[PDB]
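# Coordinate inspection notes
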Amino acid sequence: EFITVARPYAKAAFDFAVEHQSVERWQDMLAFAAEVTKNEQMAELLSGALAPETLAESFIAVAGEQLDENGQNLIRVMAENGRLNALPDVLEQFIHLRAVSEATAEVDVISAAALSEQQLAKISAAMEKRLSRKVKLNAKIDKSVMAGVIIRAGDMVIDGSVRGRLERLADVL
Amino acid sequence: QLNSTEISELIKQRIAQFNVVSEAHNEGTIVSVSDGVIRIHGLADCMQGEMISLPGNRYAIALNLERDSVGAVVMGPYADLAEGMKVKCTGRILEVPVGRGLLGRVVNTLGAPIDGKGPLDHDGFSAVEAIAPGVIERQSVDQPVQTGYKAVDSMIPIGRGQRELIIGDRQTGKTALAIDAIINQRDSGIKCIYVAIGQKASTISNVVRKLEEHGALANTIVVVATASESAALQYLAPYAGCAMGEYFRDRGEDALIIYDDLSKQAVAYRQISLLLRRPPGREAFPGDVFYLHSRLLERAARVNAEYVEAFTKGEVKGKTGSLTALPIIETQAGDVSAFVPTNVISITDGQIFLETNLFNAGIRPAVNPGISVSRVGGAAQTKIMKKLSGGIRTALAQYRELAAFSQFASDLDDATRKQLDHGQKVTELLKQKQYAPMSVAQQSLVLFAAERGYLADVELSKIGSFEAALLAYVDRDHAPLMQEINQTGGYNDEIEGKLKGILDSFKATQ
Amino acid sequence: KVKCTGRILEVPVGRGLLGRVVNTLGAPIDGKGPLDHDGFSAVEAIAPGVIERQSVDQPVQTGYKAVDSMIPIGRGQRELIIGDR
Amino acid sequence: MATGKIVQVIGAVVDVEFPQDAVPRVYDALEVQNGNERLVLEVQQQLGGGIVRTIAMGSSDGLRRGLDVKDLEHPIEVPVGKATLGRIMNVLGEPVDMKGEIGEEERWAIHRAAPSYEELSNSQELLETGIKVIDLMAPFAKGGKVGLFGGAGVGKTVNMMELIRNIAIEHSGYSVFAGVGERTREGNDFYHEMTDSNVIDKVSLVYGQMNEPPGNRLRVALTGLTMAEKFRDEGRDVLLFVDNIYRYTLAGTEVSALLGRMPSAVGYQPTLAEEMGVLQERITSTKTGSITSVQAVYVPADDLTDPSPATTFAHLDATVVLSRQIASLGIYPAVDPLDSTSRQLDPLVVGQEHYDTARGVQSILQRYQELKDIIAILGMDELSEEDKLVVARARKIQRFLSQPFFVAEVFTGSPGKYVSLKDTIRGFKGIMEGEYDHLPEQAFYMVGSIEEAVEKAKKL
Amino acid sequence: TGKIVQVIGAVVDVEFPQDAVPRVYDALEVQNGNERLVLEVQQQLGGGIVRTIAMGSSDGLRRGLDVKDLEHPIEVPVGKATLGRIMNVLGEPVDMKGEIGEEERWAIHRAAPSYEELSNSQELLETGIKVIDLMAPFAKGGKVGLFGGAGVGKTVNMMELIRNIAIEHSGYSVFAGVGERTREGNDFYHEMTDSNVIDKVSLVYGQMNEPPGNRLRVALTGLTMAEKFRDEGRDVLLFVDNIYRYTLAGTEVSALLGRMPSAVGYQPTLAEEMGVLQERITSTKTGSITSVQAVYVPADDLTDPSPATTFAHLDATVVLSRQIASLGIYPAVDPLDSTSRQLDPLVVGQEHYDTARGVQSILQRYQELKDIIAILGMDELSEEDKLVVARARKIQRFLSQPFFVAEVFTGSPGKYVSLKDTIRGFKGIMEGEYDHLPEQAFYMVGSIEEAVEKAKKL
Ligand SMILES: Nc1ncnc2c1ncn2[C@@H]1O[C@H](COP(=O)(O)OP(=O)(O)OP(=O)(O)O)[C@@H](O)[C@H]1O
Ligand SMILES: Nc1ncnc2c1ncn2[C@@H]1O[C@H](COP(=O)(O)OP(=O)(O)O)[C@@H](O)[C@H]1O
Ligand SMILES: Nc1ncnc2c1ncn2[C@@H]1O[C@H](COP(=O)(O)OP(=O)(O)O)[C@@H](O)[C@H]1O
Ligand SMILES: [Mg+2]
Ligand SMILES: [Mg+2]
């Protein structure tokens, strides 16, 4: 796992994308590269002991939909260091960095069944007061909750599920 | 998974245009700073051993040219530096200022003057790192280098071009013997250099004013890297002193260089090597600690006149130059079976071992026979001194061991009552006072009237006054040859007769 | 290019090895021609188990008064010979 | 305005990240709000990408990641000058004493370079301490270093207090006492014994004890030294006491291990011989003043070859050994004159008369050391008529070394004496060359100049 | 063709096209400033990178320099042409004379002779040294090794062996100075040239001023000339002045090559690096090499991995010691540690064997008594133990000998002692026929008939 190696590259890509007003294009460029990193044949090439320069060129070729600034430079710098397998994480960090500057939070909600869209809009407006961000809810229908909802806002979590209260009671005894 | 000194904004600069080599290869930026070691990014033009110039007026030495960064050490206070400082590469391999105008100055390890007397009148610059003359360029050392000490000029002779280790425990007269050997060259055409490594500044100032008192300072260069200073300065100081002496060596002149402590250059190099994460060996010293001293001491050499001609482009035709080294080593608790002491014993030619027991007993200088040797031997001596003092060090090698074994009584008194009174009076007359150097004539007459009897029966133990009267009688009246036996070094029967005559003539008045 | 044989280091073995000088791969090095071996055997093998052993009750003679009298060796024993150079 | 963020916390080591251009320098001080209390961090390394690795001058517990860190643009700074006399402070120059606040006019950074070469005093001088044993057998160079090697109970504290008193009353200097890595009990009872002796008004105390995080025990010695330097600049002669320099070495070893550097000859840090010299090189005489230093030394496993003793002995000018045998004899100060040593007993440094007087005293005492063993097995009457005389003179020399201290009156009642060097030279010449043979040995005990010995013999 | 990408001290990394990467001992060339520097490749990393050791000073090297791929290993001149001359590690002439006139050049990396090709000989070789050929006799075509710390006598002895065998010997000779003083190489060269024997001695020097690569490969380039003279059917003498410096120069480089350190710092490959050299210096059925190697032991520790792993490769091991040298008893050989393959009754005769073993036995018995003599004094010894003590001290003195090469450290004339005379003398001492002389009668004498004379003059 290489969160720690991806942090510098994600920060550099993002801090460059705001100097050139193209965060939105960079995100999809990195998403394309992150997908090419997963192919079964390309993953065989990335493991072999090719020279960084020719291995970078063998990676540029499969992605022509890239800027001069973005692919032909970032991919080469990551190849010199042998970091290309880190691309799937350089993407996520990038997304995260963006959500920080844009003052956004990807709050996740979990429930036994769909919410009434009055409950859900109240949740949105209430979390935006709990936090200091524009929230973007996405729901999940997990049956083991049975009733109530779990609200996860990163590392913070609020558990209102009947199963959580049941198994808390089981330890009150 | 670890980072390798690639960071967000440098990656951003590469993002702007991959071929940043379109920028100058002449400069870079500091990237990290730790315990005097520095990491630099850029400097595509840097070459190993190069001086890199930092903001302010400071230099670093490029030790590592790695895949993307240069590792260097800072020659001075490093805490003032910070990330991102622009740094420029001077295209010069480390070079110190050198010349005969340095005589009488006290200078930093970089040839920056440390006395208050202004800039240097140096001749040029010369590389701190060099390879000594080859095997075909040397010449056999057969000229005497005179120290003031009756003990070493007799038992442990030194010769221009030789390398004498002075090894002993702390506070046993090592620096005394070294600066007295320097003082004795005051009027013998042979230049001096004293490089102090890791010494505390009070001592260095005291020895500097002591050299000035006796008039020797006008003849010597002093290079100083005190105990407070960065490890890189302490580790590179003796190479600067060697580069300063090698100038006189290569001009067909004579120089004598004294490294005041190689056992602390070794410690500074160990610090530098362990901060660079290199695997250590025995006693935690690096693997190449031997190659630290050898390529230094191997530069003290005597070169034939063809090499001086080829070097000076013909200008000095037919003179032979030499550089004589006397490194000092401090050994813990008197044992020489240790890594660095044995490493240096394996490089220098001779070995003057000063013993703490003798030193406490009042025998000074405490030159221990049997352990001390001169691998050049009698070839270095004036033939008078060579003949008078034939084999006495090996005589004392057994006198000591036998006086140690036969402790209960003087049994088997065949001649042991003569042997171990001769060997006692010889020790008692080798005793000497510092700053009192005895010319070869005074040493030669004294040795003759000890070594073939004439004083093996008279255990008078009033020897200091007897000799102080002898050397005064022979100076005032009895001998003008004191300026002839000290001009030639000759050993005739015709002069032996005159020596016997003056001997008995003085004897008959004590 | 490298090809993987599915085999494991095997070595010649037999009575024809008796009296020869051989390198660790079974090749003759004494120069007296090829081996009269009796097939091949695997270099890495499993020792006999507990129930397959038998008690050591037969002498193997060294011919040294010091060893055979006070440090006997039996057929099937393992005796370290340890010392300085 | 705070600008950094804490990024790691591992034990006492804290990493903080700054903007790429605002990176602190190497020995700068940062600070953090660790709950309510502020915490000071001393930078130790600059890593790549704006990260800086520092060591906490305090308890590391309770620190989150991401806390705001404020970058002070200067190293640790402490108060200096007269205001600090009689107080107690910790490394950060804060009163751990409870007498309120220090009204200092000025603050100095604890890190600086030693005196330059052209700045040292072009002279060599002795320090008249006023104690017979030290002045005779182990003189002090003004600006030198001195080792104290005794154990406990031997009266070490009373020796330090007598020195603190004499350097202030007879000379006109002050004193700094830096207690690094020692028991808190001993510092408390030392402060109380100094206030019960009216010397507290003349000494400034700094403490980092065993219960302190590594960085405090490391930098306390530099705090004491930088106060002594402010006293030096004023033109005075200063005494600096280091209660255990071995603990300064050992705390440097601990910090080095925390930073993750490779272990040196015996596990010590690789920077041992430089960390020691950076301290000991500031203790020098200058042509404005001088700092003399008295350092209690501890030898691991009684090994004088271990790298720590081996590195310390390179800097010491004198060495005073305290022995319990001399104290059991009721002789105070309990200085052992045979092992006590100084490299100023050089006949050209101190003179021929002093040198030969010390050598004679030593020879007499080390002859008595063997005559005592002969007596112990054969009886007194086996000694020849000459040995019986050297014993009689040895037992008098051995007692003229004792002295009454101005601070020891609470034990002996005697008014306490300050003896000039030439007067003790005279007295020991006398006793040694047979003069004063005609009075009993008890006439020399616990007395000042030899004229007082003859007058006590009169009264006796 | 390739470019430098790193420079760490003595080691250099070079990048080549993957279709042209050099092999693992080829030589490469770089224009270092104005000089020409040779690199020897040690490793093939991935990506076309290659790690090399610089056969020269590494300073001045930029990364990005172009390097030229010589497609052959280091090769040195060999044969008759190389006799009266001094050569570099690269086989270049280092005396100021012209080029070498060789017709043939050999690669310095070669395989050891096969097992069926070896030959073994019992023919004893005589030296004018009492202790060596009493306690540790060695044979024509065998290996000798002199072990000692620093300052104990290894070089003064090797020079005495050179004088006593290498001059009154027909065939050629080779001297390799691996990491020793240049002063001694110049002295040896001028002694040979002033004795008109230089026409038979071929010299190679990698002295201790040189960077690690020269000290690393100089021993191999000397062994190659010895091997060429061997293959011509001749019999050769090979003197290696310090083989320890061959392993040491590897250790200095080992860490930079990226190899995890082993026992006391040495490289992991210490025993293989040593065996690959020691095993090709051997006699064969076509020719023989008789060799003398000095073997430095660091810190006088005979159990350090390098001496310990070197002991196995020698036939006769003469162990020098500092304790004996401090007594002035040169040559400072320790007879309770020196041994030889040839010290068997079926090779050296029963009388020689018995004399040597009796000497060992009573010196060991004296060793066993030293510790009690130290505590209680010599008066507690039994009446027959005082006799073994006295005879042991007289043997220790009689083992000393003056040397023709030590004739400038002392003044004593050098002495040559025949094997018959030395066993005749030691057999005489052991059985007490010389009990009446003092110890000093035996110090620094030749045969025993000189000790009986020295006794008269005290
Ligand atoms: N021949 C001598 N006679 C009398 N005293 C001597 C003699 N030589 C040296 N000394 C004295 O010994 C003292 C110590 O000598 P010195 O300082 O030269 O030793 P050192 O080797 O420099 O010790 P270190 O460098 O470890 O301090 C000096 O003060 C000097 O006065
Ligand atoms: N100068 C002196 N005069 C009289 N008694 C003394 C003197 N110095 C020390 N003592 C005695 O020695 C004792 C030693 O105790 P203390 O000073 O606490 O030892 P330490 O200080 O080493 O722990 C003192 O309490 C006192 O009784
Ligand atoms: N027979 C001998 N007579 C006198 N000195 C000897 C003798 N053998 C050895 N030595 C001493 O050995 C010293 C060290 O030189 P050397 O033997 O070459 O050392 P190393 O063993 O380190 O090469 C010489 O200076 C010399 O005094
Ligand atoms: Mg000194
Ligand atoms: Mg040698």
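Its PDB header names cryo-EM as the technique used to obtain the model and reports a resolution of 3.1 Å.

Chain D carries the name ATP synthase subunit beta in the PDB entry, which gives Escherichia coli Xuzhou21 as its organism.

In the nomenclature of the PDB entry, chain A corresponds to ATP synthase subunit delta from the organism Escherichia coli.

Residues and elements named next belong to chain D. Within the structure, ligand 2 sits among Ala 152, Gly 153, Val 154, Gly 155, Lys 156, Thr 157, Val 158, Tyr 332, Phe 405, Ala 408, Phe 411 and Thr 412. Contact between ligand 2 and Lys 156: an oxygen atom at 3.4 Å from a main-chain N or O atom of the residue. Separating an oxygen atom of ligand 2 from a side-chain N or O atom of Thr 157 is a distance of 3.0 Å. Out of a free accessible area of 550 Å², ligand 2 has 73% covered by protein chains. Listed by contribution, the elements that provide at least two residues to the shell around ligand 2 are α2 (156-169) and α12 (409-412).

Before going further, it helps to examine the sheet that holds strand β15 (residues 235-240) of chain E. All names here are of chain E. The strand order across the open sheet formed by eight strands is β8-β14-β13-β15-β16-β12-β17-β18, and the pairing between neighbours is mixed. The sheet is open, and its two edges are formed by β8 (86-87) and β18 (339-340), each paired on a single side. Pairing of strand β12 (residues 143-148) with strand β17 (residues 316-319) involves four bridges; the strand directions are parallel. Counted as the bridge partner of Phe 147 is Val 319 from β17. Taken strand by strand, helix α2 (residues 154-166) contacts β12, β13 (173-177), β15 and β16 (288-296), and its axis lies near 165° from that of β15. Helix α3 (residues 182-194) rests against β8, β13 and β14 (201-205) of the sheet, and its axis sits at about 165° to β14.

Across all of its chains, the model carries 92 salt bridges over all chains by this definition. Put simply, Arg160(B) and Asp254(B) hold a salt bridge, and the shortest N to O gap is 3.0 Å. Here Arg160(B), found in the loop between β11 (158-159) and β12 (164-168), pairs with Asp254(B), found in strand β15 (residues 254-259); they are 94 residues apart in sequence, far enough to count as distant. Residues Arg160(B) and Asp254(B) agree in their burial class; the two are buried. One continuous salt-bridge network, built from bridges that share partners, spans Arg163(B), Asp349(B), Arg181(E), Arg183(E), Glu184(E) and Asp187(E).

Next up on the list: the site of ligand 3. In the vicinity of ligand 3, the residues found are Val373(B), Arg375(B), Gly151(E), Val152(E), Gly153(E), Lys154(E), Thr155(E), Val156(E), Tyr330(E), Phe403(E), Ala406(E) and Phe409(E). Mapping the residues adjacent to ligand 3 onto the chains of the assembly identifies chains B and E. With respect to ligand 3, the side chain of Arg375(B) contributes an N or O atom lying 2.7 Å from an oxygen atom. Taken together, the residues of the shell around ligand 3 sort by class into seven nonpolar, three polar and two charged. Inspection of the shell around ligand 3 shows a minimum of three residues originating in each of domain 2 (74-342) and domain 3 (343-458) of chain E.

The next thing to look at is the packing of helix α1 (residues 3-17) of chain A against helix α6 (residues 87-101) of chain A. All names here are of chain A. Direction vectors running N to C along α1 and α6 enclose 50°, while the axes themselves pass 8 Å from each other. In terms of orientation, α1 and α6 fall into the oblique class. Regarding α1 and α6, the two cross each other, and that crossing is right-handed. In contact with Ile 3, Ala 6, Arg 7, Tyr 9, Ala 10, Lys 11, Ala 13, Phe 14 and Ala 17 of α1, α6 contributes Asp 89, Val 90, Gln 93, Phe 94, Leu 97, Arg 98 and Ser 101. Residue composition of the contact of α1 with α6, by class: 10 nonpolar, two polar and four charged.

Reading the values: the criteria
- Residues numbered from 1 in each chain as written, not as in the entry; some residues may be left out.
- Chains lettered and ligands numbered in written order.
- Part of a larger assembly, values for the part shown.
- Heavy atoms only, no water.
- Residues with missing side-chain atoms left out of burial classes, pairs and counts.
- Near = heavy atom within 4 Å.
- Polar contact = N/O pair within 3.5 Å; in protein donor to acceptor, adjacent residues only side chain to side chain.
- Areas by Shrake-Rupley, 256 points an atom, 1.4 Å probe, with all protein chains shown as cover.
- Helix = DSSP H or I, 4+ residues; strand = E, 2+ residues; numbered from the N terminus.
- Pairing = 2+ DSSP bridges.
- Contact = heavy atoms within 4.5 Å.
- Axes fitted to C-alpha atoms, helices over the stretch in contact; angles between N-to-C directions.
- Salt bridge = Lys/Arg side-chain N within 4 Å of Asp/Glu carboxyl O.
- Buried < 20%, exposed > 50% of the residue type's maximum accessible area, 1.4 Å probe, protein only.
- Nonpolar A, V, L, I, M, F, W, Y, C, P; charged D, E, K, R; others polar.
- Domains from an automatic or database assignment.
- Parallel < 35°, antiparallel > 145°, perpendicular 65-115°, else oblique.
- Left-handed = near helix turned anticlockwise from the far one by under 90°.

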